[PDB]
Amino acid sequence: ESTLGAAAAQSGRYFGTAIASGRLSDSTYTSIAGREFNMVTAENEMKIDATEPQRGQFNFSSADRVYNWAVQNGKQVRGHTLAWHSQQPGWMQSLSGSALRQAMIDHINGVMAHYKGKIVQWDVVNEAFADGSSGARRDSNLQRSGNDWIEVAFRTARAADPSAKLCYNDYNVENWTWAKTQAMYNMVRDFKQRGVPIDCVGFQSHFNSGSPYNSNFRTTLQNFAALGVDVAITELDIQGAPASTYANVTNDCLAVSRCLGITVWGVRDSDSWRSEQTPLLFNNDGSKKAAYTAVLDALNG
Ligand SMILES: O[C@@H]1[C@@H](O)[C@H](O[C@@H]2CNC[C@H](O)[C@H]2O)OC[C@H]1O
């Protein structure tokens, strides 16, 4: 096949991107993204601050611009993200303990209701682990409310929209030997022991010199799949966009039956949150990079 999404679809997978509403008046962006991808994640517009800027008062305008663009252009949507320490609106930053717990639940319920039956995967919880050797939970108001915050988010989400696959998403969890990876593994293990309704694990896959790709990513994906969850590569970008690594990652997903697909975290290098690292598949001018060709070729076998 001649495009990433269609090539992924040959094996029942998707190839997605992050879409930013502020870029939707750029004709190069909309036409290349339209052509190439069959899955969309809103880069910002479905986060907590964007969707509930005051408690109880939702704003789906920008989120719906992204969602509607996606469906108009024949893409499914990953919802990103319902419960997270980052990008919280001030009113939520001020809450702790039981008040925060209620607000967390209410936020999940309100956003998921708006999209009920329309979102194939939700990143229900994002970035709950600390970096480094400890495997500890990250410090946040959410984590201070109790170790159960994550499981409660998942139980809430399952009741709100039984149709959605519920994902836990994180970064620096791709290398099987890292403590962070093992922390996430053991959480998912525990969740399965206790009936917590997690369906998927999202590997952000922000690869760079400090957190480099390792061939053992395939082992990580296999081992999580074996816990009884799907796996997804959710925010792929690679410092310098080497073709070799991009092919390796693609082939890792293709080798794991429950790997749903790959989302790259933007369209052109100039659209990247890390544009200085030129880490995506398209040049600033919209032309295809060597890494594009390597990914397409891998998807095509
Ligand atoms: O626009 C950026 C956006 O790309 C960034 O996205 C996060 C990258 N780190 C992992 C998270 O899960 C993503 O949402 O968020 C900050 C924005 O300024």
# chains A, B, ... in the order shown; residues from 1 in each chain; ligands from 1
$ select_by_dssp --residues "region 190-260 of chain A" --states "strand (DSSP E or B)" --output "ChimeraX atom specification"
/A:200-203,206-208,211,230-238,259-260
$ residues_near_ligand --ligand "ligand 1" --cutoff "9 Å" --atoms "only C-alpha atoms and all ligand atoms" --output "VMD selection string"
chain A and resid 18 20 42 to 44 47 80 to 81 84 86 to 87 123 126 to 127 169 to 171 204 206 234 to 235 265 to 266 271 to 274
$ write_last_selection --atoms "N, CA and C atoms" --output "PDB file, in the first residue's frame"
ATOM      1  N   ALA A  18      -0.702  12.592  16.104  1.00  0.00           N
ATOM      2  CA  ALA A  18      -1.264  13.628  16.947  1.00  0.00           C
ATOM      3  C   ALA A  18      -1.707  14.758  16.023  1.00  0.00           C
ATOM      4  N   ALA A  20      -3.188  18.786  16.102  1.00  0.00           N
ATOM      5  CA  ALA A  20      -3.382  20.001  16.836  1.00  0.00           C
ATOM      6  C   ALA A  20      -4.379  20.910  16.113  1.00  0.00           C
ATOM      7  N   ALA A  42      -5.829  13.804  19.808  1.00  0.00           N
ATOM      8  CA  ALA A  42      -5.721  15.242  19.977  1.00  0.00           C
ATOM      9  C   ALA A  42      -4.449  15.528  20.769  1.00  0.00           C
ATOM     10  N   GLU A  43      -3.608  16.439  20.278  1.00  0.00           N
ATOM     11  CA  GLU A  43      -2.342  16.683  20.953  1.00  0.00           C
ATOM     12  C   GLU A  43      -2.563  17.328  22.336  1.00  0.00           C
ATOM     13  N   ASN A  44      -3.559  18.207  22.439  1.00  0.00           N
ATOM     14  CA  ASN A  44      -3.810  18.978  23.666  1.00  0.00           C
ATOM     15  C   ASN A  44      -5.278  19.059  24.076  1.00  0.00           C
ATOM     16  N   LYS A  47      -7.181  17.132  26.918  1.00  0.00           N
ATOM     17  CA  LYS A  47      -6.585  17.112  28.245  1.00  0.00           C
ATOM     18  C   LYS A  47      -7.526  17.778  29.250  1.00  0.00           C
ATOM     19  N   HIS A  80      -7.127  11.330  24.756  1.00  0.00           N
ATOM     20  CA  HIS A  80      -5.920  11.599  25.535  1.00  0.00           C
ATOM     21  C   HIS A  80      -6.130  12.893  26.276  1.00  0.00           C
ATOM     22  N   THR A  81      -6.201  12.932  27.614  1.00  0.00           N
ATOM     23  CA  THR A  81      -6.043  11.858  28.597  1.00  0.00           C
ATOM     24  C   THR A  81      -6.884  12.321  29.825  1.00  0.00           C
ATOM     25  N   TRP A  84      -4.237  12.760  35.090  1.00  0.00           N
ATOM     26  CA  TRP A  84      -2.801  13.056  34.843  1.00  0.00           C
ATOM     27  C   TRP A  84      -2.386  14.173  35.763  1.00  0.00           C
ATOM     28  N   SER A  86      -0.153  16.387  34.985  1.00  0.00           N
ATOM     29  CA  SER A  86       0.261  17.502  34.148  1.00  0.00           C
ATOM     30  C   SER A  86      -0.915  18.138  33.407  1.00  0.00           C
ATOM     31  N   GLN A  87      -0.763  19.407  33.043  1.00  0.00           N
ATOM     32  CA  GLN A  87      -1.800  20.129  32.337  1.00  0.00           C
ATOM     33  C   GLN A  87      -3.154  20.110  33.081  1.00  0.00           C
ATOM     34  N   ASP A 123      -6.625   6.917  26.871  1.00  0.00           N
ATOM     35  CA  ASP A 123      -5.536   6.999  27.861  1.00  0.00           C
ATOM     36  C   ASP A 123      -6.223   7.487  29.143  1.00  0.00           C
ATOM     37  N   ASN A 126      -2.302   8.697  32.733  1.00  0.00           N
ATOM     38  CA  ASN A 126      -1.034   8.982  32.079  1.00  0.00           C
ATOM     39  C   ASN A 126       0.057   9.219  33.132  1.00  0.00           C
ATOM     40  N   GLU A 127       1.235   8.633  32.901  1.00  0.00           N
ATOM     41  CA  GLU A 127       2.494   9.071  33.550  1.00  0.00           C
ATOM     42  C   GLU A 127       2.461   9.002  35.085  1.00  0.00           C
ATOM     43  N   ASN A 169      -0.993   4.836  30.033  1.00  0.00           N
ATOM     44  CA  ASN A 169       0.011   5.349  29.088  1.00  0.00           C
ATOM     45  C   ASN A 169       1.192   5.902  29.878  1.00  0.00           C
ATOM     46  N   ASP A 170       2.420   5.656  29.378  1.00  0.00           N
ATOM     47  CA  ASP A 170       3.598   6.206  30.068  1.00  0.00           C
ATOM     48  C   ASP A 170       4.787   6.222  29.112  1.00  0.00           C
ATOM     49  N   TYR A 171       5.854   6.890  29.536  1.00  0.00           N
ATOM     50  CA  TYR A 171       7.113   6.941  28.794  1.00  0.00           C
ATOM     51  C   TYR A 171       8.240   6.342  29.641  1.00  0.00           C
ATOM     52  N   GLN A 204       4.599   5.363  25.146  1.00  0.00           N
ATOM     53  CA  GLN A 204       4.735   6.637  24.446  1.00  0.00           C
ATOM     54  C   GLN A 204       5.828   6.564  23.389  1.00  0.00           C
ATOM     55  N   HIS A 206       8.961   7.827  23.170  1.00  0.00           N
ATOM     56  CA  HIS A 206       9.773   9.006  22.919  1.00  0.00           C
ATOM     57  C   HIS A 206      11.253   8.639  23.044  1.00  0.00           C
ATOM     58  N   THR A 234       2.115   4.883  21.309  1.00  0.00           N
ATOM     59  CA  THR A 234       1.159   5.976  21.328  1.00  0.00           C
ATOM     60  C   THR A 234       1.695   7.344  20.949  1.00  0.00           C
ATOM     61  N   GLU A 235       2.995   7.594  21.087  1.00  0.00           N
ATOM     62  CA  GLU A 235       3.534   8.943  20.887  1.00  0.00           C
ATOM     63  C   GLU A 235       4.943   8.904  20.264  1.00  0.00           C
ATOM     64  N   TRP A 265       4.058  11.187  17.090  1.00  0.00           N
ATOM     65  CA  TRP A 265       3.612  12.358  17.832  1.00  0.00           C
ATOM     66  C   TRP A 265       3.777  13.640  16.993  1.00  0.00           C
ATOM     67  N   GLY A 266       3.049  13.662  15.874  1.00  0.00           N
ATOM     68  CA  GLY A 266       3.033  14.811  14.966  1.00  0.00           C
ATOM     69  C   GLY A 266       3.282  14.392  13.522  1.00  0.00           C
ATOM     70  N   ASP A 271       6.087  20.409  13.279  1.00  0.00           N
ATOM     71  CA  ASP A 271       4.899  20.243  14.134  1.00  0.00           C
ATOM     72  C   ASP A 271       5.235  19.588  15.474  1.00  0.00           C
ATOM     73  N   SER A 272       6.468  19.124  15.653  1.00  0.00           N
ATOM     74  CA  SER A 272       6.833  18.377  16.836  1.00  0.00           C
ATOM     75  C   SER A 272       7.039  19.250  18.044  1.00  0.00           C
ATOM     76  N   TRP A 273       6.611  18.718  19.202  1.00  0.00           N
ATOM     77  CA  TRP A 273       6.955  19.326  20.493  1.00  0.00           C
ATOM     78  C   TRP A 273       8.468  19.342  20.743  1.00  0.00           C
ATOM     79  N   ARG A 274       9.200  18.529  19.973  1.00  0.00           N
ATOM     80  CA  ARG A 274      10.649  18.450  20.043  1.00  0.00           C
ATOM     81  C   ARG A 274      11.247  18.662  18.648  1.00  0.00           C
TER      82      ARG A 274
END
$ residues_around --residues "residue 244 (chain A)" --least-positions-apart "2" --cutoff "12 Å" --atoms "only C-alpha atoms" --output "PyMOL selection string"
chain A and resi 213-215+238-242+246-251+290-295+297-298
$ write_last_selection --atoms "C-alpha atoms" --output "compact mmCIF listing (two decimals), in the first residue's frame"
# COMPACT_ATOMS: atom_id res chain seq x y z
CA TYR A 213 15.47 2.28 21.72
CA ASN A 214 16.54 -1.27 22.60
CA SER A 215 15.73 -4.45 20.70
CA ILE A 238 12.94 9.35 17.60
CA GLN A 239 15.74 11.87 17.97
CA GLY A 240 17.21 12.48 14.49
CA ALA A 241 14.59 10.20 12.90
CA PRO A 242 17.01 7.47 11.91
CA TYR A 246 11.97 3.61 12.90
CA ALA A 247 12.01 0.33 11.00
CA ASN A 248 12.98 -1.58 14.15
CA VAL A 249 10.07 -0.15 16.14
CA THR A 250 7.61 -0.85 13.29
CA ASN A 251 8.80 -4.42 13.04
CA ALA A 290 14.16 8.44 4.80
CA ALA A 291 12.39 7.24 7.96
CA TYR A 292 9.00 7.50 6.20
CA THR A 293 10.17 5.14 3.52
CA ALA A 294 11.59 2.72 6.07
CA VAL A 295 8.31 2.63 8.04
CA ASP A 297 8.45 -0.58 3.67
CA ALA A 298 8.28 -2.37 7.03
$ residues_around --residues "residue 71 (chain A)" --least-positions-apart "4" --cutoff "12 Å" --atoms "only C-alpha atoms" --output "count of residues only"
16
$ residues_around --residues "residue 91 (chain A)" --least-positions-apart "6" --cutoff "9 Å" --atoms "only C-alpha atoms" --output "NGL selection string"
:A and (53-55)
$ write_last_selection --atoms "N, CA, C and O atoms" --output "PDB file, in the first residue's frame"
ATOM      1  N   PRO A  53     -12.236  23.601  31.987  1.00  0.00           N
ATOM      2  CA  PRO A  53     -11.438  24.705  32.463  1.00  0.00           C
ATOM      3  C   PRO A  53     -11.920  25.274  33.810  1.00  0.00           C
ATOM      4  O   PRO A  53     -11.113  25.909  34.503  1.00  0.00           O
ATOM      5  N   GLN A  54     -13.186  25.046  34.178  1.00  0.00           N
ATOM      6  CA  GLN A  54     -13.667  25.346  35.543  1.00  0.00           C
ATOM      7  C   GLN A  54     -14.427  24.117  35.989  1.00  0.00           C
ATOM      8  O   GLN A  54     -14.987  23.392  35.159  1.00  0.00           O
ATOM      9  N   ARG A  55     -14.432  23.832  37.295  1.00  0.00           N
ATOM     10  CA  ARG A  55     -15.077  22.623  37.777  1.00  0.00           C
ATOM     11  C   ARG A  55     -16.550  22.633  37.352  1.00  0.00           C
ATOM     12  O   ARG A  55     -17.278  23.591  37.628  1.00  0.00           O
TER      13      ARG A  55
END
$ select_by_dssp --residues "region 176-234 of chain A" --states "helix (DSSP H, G or I)" --output "ChimeraX atom specification"
/A:179-193,217-225
$ atom_distance --atom1 "CA of residue 10 (chain A)" --atom2 "CA of residue 221 (chain A)"
20.5 Å
$ atom_distance --atom1 "CA of residue 144 (chain A)" --atom2 "CA of residue 124 (chain A)"
18.0 Å
$ closest_residue --among "A:141, A:2, A:17, A:211" --to "residue 264 (chain A)" --atoms "only C-alpha atoms"
A:17
$ residues_around --residues "residue 186 (chain A)" --least-positions-apart "4" --cutoff "10 Å" --atoms "only C-alpha atoms" --output "PyMOL selection string"
chain A and resi 135+180-182+190-192+224+227
$ write_last_selection --atoms "C-alpha atoms" --output "short mmCIF file (atom, residue, chain, number, x, y, z; two decimals), in the first residue's frame"
data_model
loop_
_atom_site.label_atom_id
_atom_site.label_comp_id
_atom_site.auth_asym_id
_atom_site.auth_seq_id
_atom_site.Cartn_x
_atom_site.Cartn_y
_atom_site.Cartn_z
CA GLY A 135 9.86 2.18 40.48
CA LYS A 180 10.12 2.02 35.52
CA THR A 181 9.10 -0.60 33.01
CA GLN A 182 8.99 -3.22 35.73
CA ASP A 190 -1.72 -6.64 40.07
CA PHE A 191 -4.67 -4.96 38.28
CA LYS A 192 -5.35 -8.20 36.47
CA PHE A 224 2.68 -7.01 28.58
CA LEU A 227 -0.78 -10.24 30.95
#
$ residues_around --residues "residue 1 (chain A)" --least-positions-apart "3" --cutoff "7 Å" --atoms "only C-alpha atoms" --output "list in words"
residues 6, 7 and 300 of chain A
$ atom_distance --atom1 "CA of residue 13 (chain A)" --atom2 "CA of residue 229 (chain A)"
15.6 Å
$ closest_atom_pairs --of "region 68-138 of chain A" --to "region 156-165 of chain A" --cutoff "10 Å" --atoms "only C-alpha atoms" --output "tab-separated table"
residue	atom	partner	partner_atom	distance
A:78	CA	A:165	CA	9.4
A:79	CA	A:164	CA	9.6
A:82	CA	A:157	CA	9.0
A:104	CA	A:156	CA	9.5
A:105	CA	A:156	CA	6.5
A:106	CA	A:156	CA	9.0
A:108	CA	A:157	CA	6.4
A:109	CA	A:160	CA	5.9
A:110	CA	A:160	CA	8.7
A:111	CA	A:160	CA	9.3
A:112	CA	A:160	CA	6.3
A:113	CA	A:160	CA	6.6
A:115	CA	A:161	CA	8.6
A:116	CA	A:161	CA	5.7
A:117	CA	A:163	CA	5.8
A:118	CA	A:164	CA	8.2
A:119	CA	A:164	CA	6.2
A:120	CA	A:164	CA	5.2
A:121	CA	A:165	CA	4.6
A:122	CA	A:165	CA	6.3
A:123	CA	A:165	CA	8.8
A:124	CA	A:157	CA	7.2
$ decode --residues "region 145-160 of chain A" --atoms "N, CA and C atoms" --output "PDB file, in the first residue's frame"
ATOM      1  N   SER A 145      -3.633  11.289  46.979  1.00  0.00           N
ATOM      2  CA  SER A 145      -4.990  10.889  47.375  1.00  0.00           C
ATOM      3  C   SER A 145      -5.104   9.422  47.694  1.00  0.00           C
ATOM      4  N   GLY A 146      -4.107   8.625  47.298  1.00  0.00           N
ATOM      5  CA  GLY A 146      -4.046   7.218  47.624  1.00  0.00           C
ATOM      6  C   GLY A 146      -3.534   6.379  46.480  1.00  0.00           C
ATOM      7  N   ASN A 147      -2.924   5.244  46.809  1.00  0.00           N
ATOM      8  CA  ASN A 147      -2.379   4.376  45.757  1.00  0.00           C
ATOM      9  C   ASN A 147      -3.468   3.891  44.791  1.00  0.00           C
ATOM     10  N   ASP A 148      -4.715   3.845  45.272  1.00  0.00           N
ATOM     11  CA  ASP A 148      -5.862   3.391  44.497  1.00  0.00           C
ATOM     12  C   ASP A 148      -6.358   4.383  43.440  1.00  0.00           C
ATOM     13  N   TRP A 149      -5.746   5.563  43.311  1.00  0.00           N
ATOM     14  CA  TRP A 149      -6.321   6.523  42.384  1.00  0.00           C
ATOM     15  C   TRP A 149      -6.404   5.981  40.967  1.00  0.00           C
ATOM     16  N   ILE A 150      -5.394   5.227  40.564  1.00  0.00           N
ATOM     17  CA  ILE A 150      -5.336   4.705  39.205  1.00  0.00           C
ATOM     18  C   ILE A 150      -6.452   3.693  38.966  1.00  0.00           C
ATOM     19  N   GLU A 151      -6.576   2.712  39.868  1.00  0.00           N
ATOM     20  CA  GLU A 151      -7.629   1.728  39.745  1.00  0.00           C
ATOM     21  C   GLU A 151      -9.008   2.377  39.769  1.00  0.00           C
ATOM     22  N   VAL A 152      -9.223   3.372  40.627  1.00  0.00           N
ATOM     23  CA  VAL A 152     -10.530   4.031  40.664  1.00  0.00           C
ATOM     24  C   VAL A 152     -10.793   4.732  39.327  1.00  0.00           C
ATOM     25  N   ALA A 153      -9.775   5.361  38.728  1.00  0.00           N
ATOM     26  CA  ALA A 153      -9.967   5.993  37.414  1.00  0.00           C
ATOM     27  C   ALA A 153     -10.431   4.954  36.397  1.00  0.00           C
ATOM     28  N   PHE A 154      -9.778   3.791  36.365  1.00  0.00           N
ATOM     29  CA  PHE A 154     -10.151   2.736  35.448  1.00  0.00           C
ATOM     30  C   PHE A 154     -11.559   2.201  35.712  1.00  0.00           C
ATOM     31  N   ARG A 155     -11.914   1.948  36.967  1.00  0.00           N
ATOM     32  CA  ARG A 155     -13.272   1.471  37.246  1.00  0.00           C
ATOM     33  C   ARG A 155     -14.312   2.498  36.802  1.00  0.00           C
ATOM     34  N   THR A 156     -14.034   3.761  37.041  1.00  0.00           N
ATOM     35  CA  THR A 156     -14.937   4.829  36.621  1.00  0.00           C
ATOM     36  C   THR A 156     -15.111   4.792  35.103  1.00  0.00           C
ATOM     37  N   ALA A 157     -13.986   4.723  34.395  1.00  0.00           N
ATOM     38  CA  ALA A 157     -14.022   4.735  32.926  1.00  0.00           C
ATOM     39  C   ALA A 157     -14.787   3.543  32.375  1.00  0.00           C
ATOM     40  N   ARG A 158     -14.594   2.357  32.934  1.00  0.00           N
ATOM     41  CA  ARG A 158     -15.289   1.173  32.451  1.00  0.00           C
ATOM     42  C   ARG A 158     -16.809   1.366  32.547  1.00  0.00           C
ATOM     43  N   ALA A 159     -17.284   1.921  33.660  1.00  0.00           N
ATOM     44  CA  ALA A 159     -18.718   2.158  33.832  1.00  0.00           C
ATOM     45  C   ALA A 159     -19.226   3.248  32.912  1.00  0.00           C
ATOM     46  N   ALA A 160     -18.419   4.271  32.648  1.00  0.00           N
ATOM     47  CA  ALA A 160     -18.854   5.385  31.822  1.00  0.00           C
ATOM     48  C   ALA A 160     -19.008   4.998  30.351  1.00  0.00           C
TER      49      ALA A 160
END
